[PDB]
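Asks: Take this structure first; my questions come after.
Cβ coordinates were reconstructed from backbone atoms using ideal geometry, including for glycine residues, and neighbour counts include every protein chain displayed. FYI, it's all coordinate maths here, none of it is from the lab.
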Amino acid sequence: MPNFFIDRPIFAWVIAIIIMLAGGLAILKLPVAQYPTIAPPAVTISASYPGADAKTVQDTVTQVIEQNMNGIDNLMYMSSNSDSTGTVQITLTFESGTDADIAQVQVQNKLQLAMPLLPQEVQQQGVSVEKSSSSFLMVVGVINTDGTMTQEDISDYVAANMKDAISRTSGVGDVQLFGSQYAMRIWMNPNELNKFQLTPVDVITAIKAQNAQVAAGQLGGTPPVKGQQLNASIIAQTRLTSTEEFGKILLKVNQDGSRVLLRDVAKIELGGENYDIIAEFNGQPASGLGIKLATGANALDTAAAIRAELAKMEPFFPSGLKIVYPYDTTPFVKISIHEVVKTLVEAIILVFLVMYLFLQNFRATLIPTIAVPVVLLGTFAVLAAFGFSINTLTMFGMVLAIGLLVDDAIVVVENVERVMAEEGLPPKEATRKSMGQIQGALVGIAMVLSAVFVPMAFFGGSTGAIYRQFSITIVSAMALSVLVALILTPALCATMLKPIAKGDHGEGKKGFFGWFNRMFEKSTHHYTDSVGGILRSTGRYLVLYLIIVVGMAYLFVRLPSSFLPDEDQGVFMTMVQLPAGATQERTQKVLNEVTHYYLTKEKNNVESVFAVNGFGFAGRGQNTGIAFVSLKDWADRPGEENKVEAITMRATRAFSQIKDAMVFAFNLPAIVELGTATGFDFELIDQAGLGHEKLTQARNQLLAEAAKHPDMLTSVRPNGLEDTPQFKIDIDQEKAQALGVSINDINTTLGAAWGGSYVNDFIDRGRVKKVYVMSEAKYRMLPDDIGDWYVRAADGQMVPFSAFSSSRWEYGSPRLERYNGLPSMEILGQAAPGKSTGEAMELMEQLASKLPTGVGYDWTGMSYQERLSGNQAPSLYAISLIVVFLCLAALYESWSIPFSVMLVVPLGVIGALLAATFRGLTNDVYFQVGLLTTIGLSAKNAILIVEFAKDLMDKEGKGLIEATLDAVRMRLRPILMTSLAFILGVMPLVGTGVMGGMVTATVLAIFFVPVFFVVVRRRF
Amino acid sequence: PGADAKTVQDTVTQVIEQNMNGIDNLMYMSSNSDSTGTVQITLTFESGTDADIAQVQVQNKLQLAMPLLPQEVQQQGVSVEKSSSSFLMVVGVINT
Ligand SMILES: CC(=O)O[C@H]1C[C@@]2(C)[C@@H](C[C@@H](O)[C@H]3[C@@]4(C)CC[C@@H](O)[C@@H](C)[C@@H]4CC[C@@]32C)/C1=C(\CCC=C(C)C)C(=O)O
Ligand SMILES: CC(=O)O[C@H]1C[C@@]2(C)[C@@H](C[C@@H](O)[C@H]3[C@@]4(C)CC[C@@H](O)[C@@H](C)[C@@H]4CC[C@@]32C)/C1=C(\CCC=C(C)C)C(=O)O
Ligand SMILES: CC(=O)O[C@H]1C[C@@]2(C)[C@@H](C[C@@H](O)[C@H]3[C@@]4(C)CC[C@@H](O)[C@@H](C)[C@@H]4CC[C@@]32C)/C1=C(\CCC=C(C)C)C(=O)O
Ligand SMILES: CCCCCCCCCCCCO[C@@H]1O[C@H](CO)[C@@H](O[C@H]2O[C@H](CO)[C@@H](O)[C@H](O)[C@H]2O)[C@H](O)[C@H]1O
Ligand SMILES: CCCCCCCCCCCCO[C@@H]1O[C@H](CO)[C@@H](O[C@H]2O[C@H](CO)[C@@H](O)[C@H](O)[C@H]2O)[C@H](O)[C@H]1O
Ligand SMILES: CCCCCCCCCCCCCCCCCC
Ligand SMILES: CCCCCCCCCC
């Protein structure tokens, strides 16, 4: 085939132009984001029940919906929370590979049929269903600095004038408002209600009657009295639009014609739907939007358009209203794309320098400059053809792929110039010569390298999704580089290289290159002499080979092993937890001192503190909170002591002296869709209707046994909230019936005054908003306020709650978890230092076996995933080596010669093993794929050397040691050229020994490869 | 039920429209709100788009506004189906 395109250089140009046009169109059409979708599809059902405790939520909503989640396909597990905020969430997690559209429609369709089974208040509130496994592109914060707008005002403005514009923006997929818009709040007064013999039932009845829309009909509608001239709609009532009109709602006409209006027994003002969250941004009132990138979109274009539209809106923007961007993922996208172009142009500069230093002509330095960008552009086409996006994983894969594409380029040009200098052939006849020498090895290298990278793409779940990005990027760039090296570079050498006289090695030219040429020739003969000597004492170097492979196994096992470490992202969280019964004000004081710490003692690192009151990591409530701390870029806080790893520990130790609170700073994960991957996620399950307290006791027994094993388990804790005092109030049914009081009036008065009640909607400047009734705060704080509410009896007399109720304190759970339909408790932990998380998990299974009867367990989250990927590892690694061996045996026509190459490649890997040792790197997926790339690259060196060795023995009938020496002589310059390009490339990143490790990664190959070729063919 | 076109728009059409964002292959969106109290929101998709997946995605995005819609409407039923705009034929029936 290369013969074909050398006689047809313009056909090959046509093919390279097609590849460039496809790659350009691919870059224009290609989606771009930080990470691809790795998390398995998760659909979350959310509902609200105002005034409700955790078990009313569970006993009327959660269990009912969970019982109707049948018939849905491809479900892995379902978990759900019911807390004392009236909030329930049910997350159904599906198998990786299942259509998230079909998954969500099936879930909501079952929920729809279950809706008539829910309480009438829950149906009124409405039930939402979202895809929860997608994460935010950025978070636009909207804060007020002049101290004139409350958070309710900011969020109302953002919904009215910002949100829908942001959603209509191109690329935006979903926008979530971090707050509630205005709501017509009715703050009743029990003393005024009692003064007029009124209850909240009357207030609600009047509101439903006077703030209603009423559909009459038509004036002169069909069927008419024919003769009729006019047809017109009849409109009776419509909604209200003002607080003033709500104040004039007539509740009662006194019998002397006097009016009792709603304003006379309640305060009326625009407020929030919800008052349990308090969001601040550096101590200022705050709100914002969480924006999600749409499907097939460009995060760079979308973020620009978002800041563009936010940039515009100033002709409408109120006083003190500022936009801030506490969280944004597109900087990391831009960094990973920039490092691809930085590596590409630095690659062509260095290969230009090295090609010229060895070959002393400019026309040879053009063939790599053309060939490399062609295949880099083709990779984008192949990525687009298969549905992949430009992300940090594929861009990492392209950066690693560049090193192999330049070696493919250098090998082909160098061998044709060696054939011209050794044999004195014209460029055309000599290029036929040279690819006839290397074409089979080139194809075999393609098979070998996909045998390395392809099999790891077949992990399941999250692990496979990450490996797929590297695999297709590297295998694509490798396969097209081979196709280009058999099509494009043959024609370019045959068409562009000058002839060379036989024997002209440039020893006779002058200046610097004359000195270099015979310096290199002298070293070339030194090298062949030394390898010739090594081939007499091969037992000695076989022993040295094993001395160094146990040395590599040692420093490899010693490295920290973490699949996806939580690197410094520029944002971290700090969790806040106060005791049972703690009020919102007490939480705010703690958060106030938390931001005061961050903005003073970490002045030079912290840029923003986004404090959230009422919402915790492990569970919501008045005694929970979390602060999102965003830091300045990596430049303006140099040194490792100013990274998140040390800031969090300084923050945690400083926060240990906080009285009456439990504060903890920690790093958010690299892939927030997954959450850590550090440790395990554990589910304790009531399998036999045991009850809450029994399950709590078992969890305590499990936690105690875990703490007794610090050599294996670290920080084993529940991911939930502990039981708290609650106010139990009993209605005497007999006393109620004897006084003529209905139970519905009693419960409606209690739940409306104290819990609040959603009545109906109204229209505020053309936007539909809700109407809530509730008591004033001062009349619904403490138990003695219960006796200030009166209820009307059938005889008209007003009775107070004290006459027919009794109260006591008891304990109950503010948060009830469920797993797969049964009551559960989520436990978190990680393995002790040095130990694997697999051992920690099997210790937990042991300790769980002796829990009380009727208590099961299960693994959820990414512990489910690691169980999956761990059972796949050995077969995948086994198939990789099996097919590698098979293709090499196909290349060399030998069941034995593959062992020569397979046994030498773990030597190039240790040029990076010590670099991780001196810098302090971690063994992760990024380091592992990098190890494979080095293994493949060094595997290309030995494959060519052994190919030339065998060809010389088979074609020319040369001796074994003669052919081996001739082979390593013909291959020394290209190996040192490629390695020289690499060492000069990483030198600007510089600790001298890291470069000195790469050099012996090369010197080990050039000596040991001939050793293994001779040792293997002797023994077989 | 019977509401004027202004109420229907402010309490149903706008709510459904504000959540019809970011859907695959959506070209444009038209809607009318009638004196009868009825809404039709027609979402039009790029040619070649699978219509059944399109209907699926519309129902999934409609769920985000399903809670916010009024009392009467959420229970009375919200149809979401593929649609045509033209008549293929008119079959007529007379009595002779
Ligand atoms: C000057 C230079 O070094 O390269 C510049 C030039 C640059 C390579 C740009 C990255 C990206 O726009 C590039 C694209 C793919 C964008 C438009 C496409 O049609 C390509 C034909 C075009 C090639 C050049 C260009 C315009 C650069 C960047 C990166 C800035 C953008 C990101 C996402 C990191 C850079 O400044 O490094
Ligand atoms: C010209 C050339 O080929 O060097 C390129 C190629 C380069 C040496 C890269 C630095 C680094 O990734 C390199 C390592 C050592 C990283 C992982 C290792 O296991 C090696 C298998 C790998 C070899 C090639 C690679 C990918 C280069 C750089 C440095 C810029 C890269 C980053 C991430 C800032 C360059 O020159 O710009
Ligand atoms: C994790 C992984 O990738 O397996 C790697 C790791 C791998 C099993 C290697 C095949 C072979 O050398 C392996 C042996 C047993 C080779 C003999 C000894 O020296 C061992 C100390 C060495 C340990 C692992 C190693 C180095 C791999 C291959 C096949 C590589 C073959 C070619 C031609 C590149 C692979 O990439 O699949
Ligand atoms: C579904 C099947 C997938 C199998 C993949 C397995 C990988 C196989 C890699 C094989 C790569 C090419 O394999 C190789 O092709 C070249 C083509 O000149 C042959 O070449 C052989 O004959 C020609 C002339 O007749 C000589 O110039 C050449 O030096 C000699 O080795 C080799 O005999 C063969 O081993
Ligand atoms: C030329 C380029 C190279 C071509 C490379 C082709 C790669 C082909 C990859 C096939 C992927 C399937 O790999 C398949 O994984 C499953 C796990 O789910 C393995 O099954 C394994 O895991 C199960 C759990 O499921 C374990 O209980 C058990 O130890 C084992 O049987 C199968 O034995 C294996 O066949
Ligand atoms: C061989 C080089 C390959 C480079 C690939 C770059 C891919 C980027 C494609 C999207 C470009 C988006 C531009 C963002 C504009 C920001 C305006 C401030
Ligand atoms: C023997 C001639 C082969 C020609 C192949 C042309 C198509 C190459 C596409 C990559």
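Asks: Which numbered condition trips up A:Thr463, out of (1) within 16 Å of ligand 3 (Cβ to nearest atom); (2) surrounded by fewer than 23 Cβ atoms within 10 Å (Cβ to Cβ)?
Replies: So A:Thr463 meets the others, but not (2).
A quick yes/no check of all residues on (1) aliphatic (A, V, I, L, M); (2) within 16 Å of ligand 3 (Cβ to nearest atom); (3) out of contact with any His (no Cβ under 8 Å at 6 or more places or on another chain); (4) within 14 Å of chain B (Cβ to nearest Cβ):
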{"position": "A:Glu810", "(1), (2), (3), (4)": "no, no, yes, no"}
{"position": "A:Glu817", "(1), (2), (3), (4)": "no, no, yes, no"}
{"position": "A:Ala840", "(1), (2), (3), (4)": "yes, no, yes, no"}
{"position": "A:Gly870", "(1), (2), (3), (4)": "no, yes, yes, no"}
{"position": "A:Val883", "(1), (2), (3), (4)": "yes, yes, yes, no"}
{"position": "A:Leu886", "(1), (2), (3), (4)": "yes, yes, yes, no"}
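Asks: May I pose another question? Identify the single condition in (1) over 23 Å from A:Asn760 (Cα atoms); (2) outside any strand (DSSP E or B) that A:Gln89 does not satisfy, given that it satisfies every other one.
Replies: The one condition A:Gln89 does not meet is (2).
Asks: Another question, if that's okay. Looking at the stretch A:870-977, what helices (runs of 4 or more DSSP H) fall wholly within it and have at least 3 residues that are on the phi < 0 side of the Ramachandran plot and among the basic types (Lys, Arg)?
Replies: none
Asks: Are any residues in the stretch A:348-389 part of a loop (DSSP other than H, G, I, E, B) and either within 16 Å of ligand 7 (Cβ to nearest atom) or within 15 Å of A:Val406 (Cα to Cα) (or both), and if so, which ones? Break it down stepwise before answering.
Replies: Restricting attention to the stretch A:348-389, the residues satisfying the condition of being part of a loop (DSSP other than H, G, I, E, B) are A:360-362, A:366, A:386-389.
A:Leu366, the sole residue that qualifies.
Asks: Also, I was wondering about something else. Would you be able to tell me the number of residues in the stretch A:340-358 that are more than 16 Å from ligand 1 (Cβ to nearest atom) and touching a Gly at 6+ places or on another chain (Cβ under 9 Å)?
Replies: In the first step, residues of the stretch A:340-358 are kept if they are more than 16 Å from ligand 1 (Cβ to nearest atom); the result is A:350-358.
Next, from what is left, pick out any that are touching a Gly at 6+ places or on another chain (Cβ under 9 Å): A:350.
Number of matching residues: 1.
Asks: On the basis of being within 14 Å of another protein chain (Cβ to nearest Cβ), surrounded by 14 or more Cβ atoms within 10 Å (Cβ to Cβ) and under 46 Å from the mean Cα position of the chain (by Cα), does A:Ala294 make the cut? Break it down into steps so the answer makes sense when it comes.
Replies: Details: within 14 Å of another protein chain (Cβ to nearest Cβ): yes; surrounded by 14 or more Cβ atoms within 10 Å (Cβ to Cβ): yes; under 46 Å from the mean Cα position of the chain (by Cα): yes.
Yes, satisfied.
Conditions (1) closer than 19 Å to A:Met902 by Cα; (2) within 16 Å of ligand 3 (Cβ to nearest atom); (3) of a type in the set (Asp, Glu), marked per residue:
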{"residue": "A:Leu960", "(1), (2), (3)": "no, no, no"}
{"residue": "A:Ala963", "(1), (2), (3)": "no, no, no"}
{"residue": "A:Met970", "(1), (2), (3)": "no, no, no"}
{"residue": "A:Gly985", "(1), (2), (3)": "no, no, no"}
{"residue": "A:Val1003", "(1), (2), (3)": "yes, no, no"}
{"residue": "A:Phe1012", "(1), (2), (3)": "yes, yes, no"}
{"residue": "A:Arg1019", "(1), (2), (3)": "yes, yes, no"}
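Asks: Which condition does A:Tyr157 not pass, out of (1) away from chain B (no Cβ under 13 Å); (2) assigned to a loop (DSSP other than H, G, I, E, B), if it passes all the others?
Replies: Failed condition: (2).
Asks: Can you tell me which residue in the stretch A:400-421 is farthest from ligand 6 (Cβ to nearest atom), limited to those that are under 14 Å from A:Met478 (Cα atoms) and of a type outside the set (A, V, I, L, M, F, W, C)?
Replies: A:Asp407
Asks: Need the failing condition index for B:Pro67 against (1) in contact with a strand residue (DSSP E or B) (Cβ under 8 Å, 6 or more places away or on another chain); (2) within 14 Å of another protein chain (Cβ to nearest Cβ); (3) over 30 Å from A:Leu118 (Cα atoms), just the number.
Replies: Going through the list (1) in contact with a strand residue (DSSP E or B) (Cβ under 8 Å, 6 or more places away or on another chain); (2) within 14 Å of another protein chain (Cβ to nearest Cβ); (3) over 30 Å from A:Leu118 (Cα atoms), B:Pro67 breaks only (3).
Asks: What number goes with the only condition from (1) surrounded by fewer than 18 Cβ atoms within 10 Å (Cβ to Cβ); (2) over 21 Å from the mean Cα position of the chain (by Cα) that A:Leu321 does not pass?
Replies: All conditions are met except number (1).
Asks: If I filter the stretch A:843-862 for residues that are away from ligand 7 (no atom under 16 Å from the Cβ), in contact with a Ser or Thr (Cβ under 8 Å, 6 or more places away or on another chain) and closer than 26 Å to A:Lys694 by Cα, do I get at least one hit? Spell out how you get there, then give the answer.
Replies: Residues of the stretch A:843-862 away from ligand 7 (no atom under 16 Å from the Cβ): A:843-862.
Of the ones still in play, those that are also in contact with a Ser or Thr (Cβ under 8 Å, 6 or more places away or on another chain) are A:860, A:862.
With closer than 26 Å to A:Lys694 by Cα added as a condition, the list becomes A:860.
Yes; the residues of the stretch A:843-862 include at least one that is away from ligand 7 (no atom under 16 Å from the Cβ), in contact with a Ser or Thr (Cβ under 8 Å, 6 or more places away or on another chain) and closer than 26 Å to A:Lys694 by Cα.
Asks: Looking at the stretch A:131-152 only, could you name the residues that are outside any loop (DSSP other than H, G, I, E, B) and surrounded by fewer than 19 Cβ atoms within 10 Å (Cβ to Cβ)? Lay out the reasoning, then the answer.
Replies: Step one: list which residues in the stretch A:131-152 are outside any loop (DSSP other than H, G, I, E, B), which gives A:131, A:138-144, A:151-152.
Matches in the stretch A:131-152: A:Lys131 only.
Asks: Further question: Has the stretch A:336-344 got at least one residue that is hydrophobic (A, V, I, L, M, F, W, C), away from ligand 6 (no atom under 11 Å from the Cβ) and either loosely packed, with under 14 Cβ neighbours inside 10 Å or part of a helix (DSSP H, G or I) (or both)?
Replies: Within the stretch A:336-344, the first condition is being hydrophobic (A, V, I, L, M, F, W, C), and the residues that meet it are A:337, A:340-341, A:344.
Subset that is away from ligand 6 (no atom under 11 Å from the Cβ): none.
Looking for residues that are hydrophobic (A, V, I, L, M, F, W, C), away from ligand 6 (no atom under 11 Å from the Cβ) and either loosely packed, with under 14 Cβ neighbours inside 10 Å or part of a helix (DSSP H, G or I) (or both), one finds none in the stretch A:336-344, hence no.
Asks: Any chance the stretch A:44-59 includes a residue that's crowded, with 16+ Cβ neighbours inside 10 Å and more than 23 Å from A:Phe615 (Cβ to Cβ)?
Replies: no
Asks: Identify all residues within the stretch A:844-877 that are more than 18 Å from A:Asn820 (Cα to Cα) and of a type in the set (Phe, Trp, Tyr); write none if there are none. So that I can check it myself, show each step before the final result.
Replies: Taking the stretch A:844-877 and keeping what is more than 18 Å from A:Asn820 (Cα to Cα), we get A:844-853, A:866-877.
A:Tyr877 - this is the single residue of the stretch A:844-877 that is more than 18 Å from A:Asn820 (Cα to Cα) and of a type in the set (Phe, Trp, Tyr).
Asks: Then there's this: Do we find that B:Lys6 is basic (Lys, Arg), within 14 Å of the chain's Cα centre (by Cα) and within 10 Å of chain A (Cβ to nearest Cβ) in this structure? Full working, then the answer.
Replies: Numbers: basic (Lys, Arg): yes; within 14 Å of the chain's Cα centre (by Cα): no; within 10 Å of chain A (Cβ to nearest Cβ): yes.
Spelling it out, it is not the case that B:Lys6 is basic (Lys, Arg), within 14 Å of the chain's Cα centre (by Cα) and within 10 Å of chain A (Cβ to nearest Cβ).
Asks: Can you tell me how many residues in the stretch A:583-632 are charged (D, E, K, R) and in contact with a strand residue (DSSP E or B) (Cβ under 9 Å, 6 or more places away or on another chain)? Outline the logic, then answer.
Replies: Filtering the stretch A:583-632 for residues charged (D, E, K, R) gives A:585-586, A:589, A:593, A:601-603, A:607, A:620, A:632.
Keeping just the survivors that are in contact with a strand residue (DSSP E or B) (Cβ under 9 Å, 6 or more places away or on another chain) gives A:602, A:607, A:620, A:632.
Residues flagged as charged (D, E, K, R) and in contact with a strand residue (DSSP E or B) (Cβ under 9 Å, 6 or more places away or on another chain) within the stretch A:583-632 amount to 4.
Asks: Right, here's the next one. Go through the stretch A:597-647 and count every residue that is in contact with a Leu (Cβ under 6 Å, 6 or more places away or on another chain), of a type outside the set (S, T, N, Q), farther than 17 Å from A:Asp276 by Cβ and not in a strand (DSSP E or B).
Replies: Residues in the stretch A:597-647 being in contact with a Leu (Cβ under 6 Å, 6 or more places away or on another chain), of a type outside the set (S, T, N, Q), farther than 17 Å from A:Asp276 by Cβ and not in a strand (DSSP E or B): 0 in total.
Asks: Got a sec? Which strands (runs of 3 or more DSSP E) wholly within the stretch A:172-225 have at least 2 residues that are within 14 Å of chain B (Cβ to nearest Cβ) and within 47 Å of the chain's Cα centre (by Cα)?
Replies: A:172-177
Asks: So which pairs qualify, if the first residue must be in the stretch A:905-924 and away from chain B (no Cβ under 14 Å), the second must be among the β-branched types (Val, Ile, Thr) and within 16 Å of ligand 5 (Cβ to nearest atom), the Cβ gap must be under 6 Å, and the two must be at least 6 apart or on different chains?
Replies: A:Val905/A:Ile935; A:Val909/A:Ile935
Asks: Only one of these conditions is not met by A:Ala347: (1) surrounded by fewer than 20 Cβ atoms within 10 Å (Cβ to Cβ); (2) within 16 Å of ligand 2 (Cβ to nearest atom). Which number is it?
Replies: (1)
Asks: Whether any residue in the stretch B:40-59 is within 30 Å of A:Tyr49 (Cβ to Cβ), within 9 Å of chain A (Cβ to nearest Cβ) and hydrophobic (A, V, I, L, M, F, W, C) is what I want to check.
Replies: yes
Asks: Could I ask something else about it? Kindly establish whether A:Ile786 is within 52 Å of the chain's Cα centre (by Cα), surrounded by 18 or more Cβ atoms within 10 Å (Cβ to Cβ) and not in a strand (DSSP E or B).
Replies: Details: within 52 Å of the chain's Cα centre (by Cα): yes; surrounded by 18 or more Cβ atoms within 10 Å (Cβ to Cβ): yes; not in a strand (DSSP E or B): yes.
In short, yes.
Asks: Give A:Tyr892, A:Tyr857, A:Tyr864, A:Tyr877 a once-over and let me know the one that is more than 31 Å from the chain's Cα centre (by Cα) and either within 14 Å of chain B (Cβ to nearest Cβ) or away from ligand 1 (no atom under 16 Å from the Cβ) (or both).
Replies: Details: A:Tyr857 fails: more than 31 Å from the chain's Cα centre (by Cα); A:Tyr864 fails: more than 31 Å from the chain's Cα centre (by Cα); A:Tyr877 fails: more than 31 Å from the chain's Cα centre (by Cα).
Result of the check over A:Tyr892, A:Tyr857, A:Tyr864, A:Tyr877: A:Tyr892.
Asks: Within the stretch A:226-245, can you find the residues that are within 9 Å of chain B (Cβ to nearest Cβ) and either of a type in the set (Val, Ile, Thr) or under 25 Å from A:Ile268 (Cβ atoms) (or both)? If you could, list the steps in order and put the result at the bottom.
Replies: Here is the first cut: in the stretch A:226-245, the residues within 9 Å of chain B (Cβ to nearest Cβ) are A:233, A:235, A:238-239.
If the condition is that a residue be within 9 Å of chain B (Cβ to nearest Cβ) and either of a type in the set (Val, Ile, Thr) or under 25 Å from A:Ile268 (Cβ atoms) (or both), then A:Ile235, A:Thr238, A:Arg239 are the ones that fit.
Asks: Scan the stretch A:24-40 and tell me whether some residue there is among the aliphatic types (A, V, I, L, M), more than 16 Å from ligand 1 (Cβ to nearest atom) and more than 29 Å from A:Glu339 (Cβ to Cβ). Working first, answer last.
Replies: Going through the stretch A:24-40, the residues among the aliphatic types (A, V, I, L, M) turn out to be A:25-28, A:30, A:32-33, A:38-39.
Right, trim to more than 16 Å from ligand 1 (Cβ to nearest atom) and you get A:38-39.
Going one step further and asking which of them are more than 29 Å from A:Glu339 (Cβ to Cβ), we end up with none.
Within the stretch A:24-40, not a single residue is among the aliphatic types (A, V, I, L, M), more than 16 Å from ligand 1 (Cβ to nearest atom) and more than 29 Å from A:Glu339 (Cβ to Cβ).
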